[PDB]
């Protein structure tokens, strides 16, 4: 059974076919690819774009999305095997995925890490469990990676440069400030897709403590080798932005401080100057800027940057709708 858990699992030809189908759906939004079909959107965390885009996408293709929120409207789910369920969990994922599999044709899942132990969060237990027990295709709506965002981001870049080939472009994935420590998912996905696209990638962050999990650094290295791009970690803002064609900002908490955020709070607080402003964007090569949203203005990016004609964040957000429809159509 084929799922969409990570782009890294898909071949380039498959990914390209997805992006092309996405571009096609953007031209002809109404279709019958999901006529009489349905998808269960299981959210363990908040969402505005994801929930809206998937719901509308199912509708535009003649299908129906059922939005569920365990612990809110649906019952809380257990994921550990062989444990004695006497805690807050009412039922086990083995039952949930099998039942849903009798109702819907597709299952989307969103589950952020708990932020207490990266060792456990990095295992992607929720997503894997759904993929393991579900008799129907599973779609990652963001767990520790965000493959749907990668494709929306990629398509938006191809549309901006007027070509499917982004090789050679200088891509800067930069960390930015935020009062609280966030999921690395989007950062991990950006690194993954930018290198898979064969761009010259620079991971710009404050200190080595903010470097992404080895898993994704390794995925990127393997991708660079296969696509002809390049990977590089930098802590110097000015040299990073220099001549950049793309600047993708995202904030995340240092992995080494998982479950121990108190001491890392004073650490990030002294780097809020990583905020993407006009000055830093001025060093780029008339580069485009984007963020996955939700973004806090004057914290992650200044108002000027967000309103500049070079910010393609809205286009990228719109593309979430088109690429997800391509993914559902492919899996169905």
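Numbering follows the first chain given and starts at 1. Heads up, when I say rigid core I mean the largest set of C-alphas that superpose within 1.5 Å between the two forms.
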| property | result |
| --- | --- |
| More variable segment, 105-113 or 82-90 [Cα RMS over structures in 5 other deposited structures of this protein, core-superposed] | 82-90 |
| Stretch exceeding the other in mean C-alpha B-factor - 210-218, 254-262 | 254-262 |
| Residue stretch of maximal mean CA temperature factor, 8-16 vs 319-327 | 8-16 |
| Candidate residues 283, 56, 66, 34, the one whose C-alpha B factor the record puts highest | 283 |
| C-alpha B-factor winner, where the candidates are 39, 61, 292, 305 | 305 |
| Residue 105 by Cα B-factor - lowest, middle or highest third of the modelled chain | lowest |
| Third assignment of residue 270 from its chain's C-alpha B-factors | highest |
| Ranked against its chain, the third holding the CA B-factor of residue 181 | highest |
| Residue 297 CA temperature factor, ranked by third within the chain | middle |
| Modelled-residue ranking by C-alpha temperature factor, third containing residue 232 | highest |
